[PDB]
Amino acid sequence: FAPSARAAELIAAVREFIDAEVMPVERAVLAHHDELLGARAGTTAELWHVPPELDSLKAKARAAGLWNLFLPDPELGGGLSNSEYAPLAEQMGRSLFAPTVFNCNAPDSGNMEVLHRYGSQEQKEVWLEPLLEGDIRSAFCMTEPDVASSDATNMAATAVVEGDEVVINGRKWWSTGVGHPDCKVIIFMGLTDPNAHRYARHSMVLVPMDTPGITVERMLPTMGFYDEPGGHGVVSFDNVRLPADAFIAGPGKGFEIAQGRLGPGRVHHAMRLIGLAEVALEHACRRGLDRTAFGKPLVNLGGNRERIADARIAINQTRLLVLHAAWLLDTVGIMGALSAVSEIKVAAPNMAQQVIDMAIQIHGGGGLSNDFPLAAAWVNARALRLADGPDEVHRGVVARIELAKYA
């Protein structure tokens, strides 16, 4: 239940950095965005500018040793176990920009993990190194608009071998980060040989964004939020051709890569949602103590204290479920954590959604505005019931594993 000496030091360092360095910039960026739209002024394009202060924050973070903390390689990353990194991800979850500032954000962290493990020497030199430096961004392109992508076997976009080339065709969407000016490379997942054995029909391909035949068609909203500057895009691939060396690991290894990498990412997202919920609960308590109606602080009205209690309980038990999952990954590996990594995927976004909805209510109309981070937070938690696989698919995993115990 207690963290290592290193973890305790880093929790304090990360939280201090976020509150002192990141949050003033974060508040300023969000306020300026709100001011422009509130004034019905300016261009749409200017809302997508990368905040200049981010590179300055990244540099400061690097100088403080707060960089690549997600990556367990001690030479290239922070060397942290899952149990050590978990509480750091919670702290980063309290801030929109924090994961980026520490180079720990999705999808880049997951893509770096894929390249570190499965990339060729050249792929690592050309693409992993600039990602590790924070000099470029990437995206992971798996979901397809025209098929129900919650079942990966439905993928119809293709990456096929023709002579010494890989040839890529299709359309992907919800690609996080592709709107960013420095998103220079894509990991494309698609169908290769439908007649191969099950589990060997798909591939991942490393695709530079400047390859002819790629089009970022449009950016997508989540309840009206565009998540600038990286956004979530639609990407089409029309006769995109690369050297066959562009495959990651090789043709047919798509499923193996996904399974091989599974676990840490689920912990990272789930821990960020704990942080998000804490920020929401904190806002709820402050607002509810400060505002008065019907002769009382709002918190003292009706069921509000019961709601606060329920949120405290919910956060705490979910946090512990996630920390336990990290401990399993550290001790028994993914083979001993297969249920846990789906349990936390269901639990965390659902818990956060309910805490945040309670916090919004306590703020009245203002809760739905962007004068507070709650409205954006709600959408974030809601989206995480779908991103990386819907709740229902993960419940299916948990049920299957439970029922297998009775055979």
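Quick note: we count residues from 1 along the sequence shown, nothing fancier.
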*Compare the mean C-alpha B-factor of 366-374 with that of 57-65 as given in the PDB entry, and name the stretch with the higher value.*
57-65
*Between 221-229 and 122-130, which has the larger average Cα B-factor in the PDB entry?*
122-130
*Looking at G93, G288, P264, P87, which has the highest CA B-factor as recorded?*
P264
_Highest-ranked of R307, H283, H116, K172 once sorted by CA temperature factor in the record_ = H116
_Chain-wide C-alpha B factor ranking for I257, given as lowest, middle or highest third_ = highest
*What third of the chain, by the recorded C-alpha B-factor, contains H180?*
middle
_Ranking every modelled residue in this chain by its Cα temperature factor as given in the entry, which third contains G250?_
highest
*asked:* Sorting by Cα B-factor within the chain, modelled residues only, which third would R40 end up in: lowest, middle or highest?
replied: highest
*asked:* Going by the CA temperature factor in the PDB record, which third of the chain does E278 belong to: lowest, middle or highest?
replied: lowest
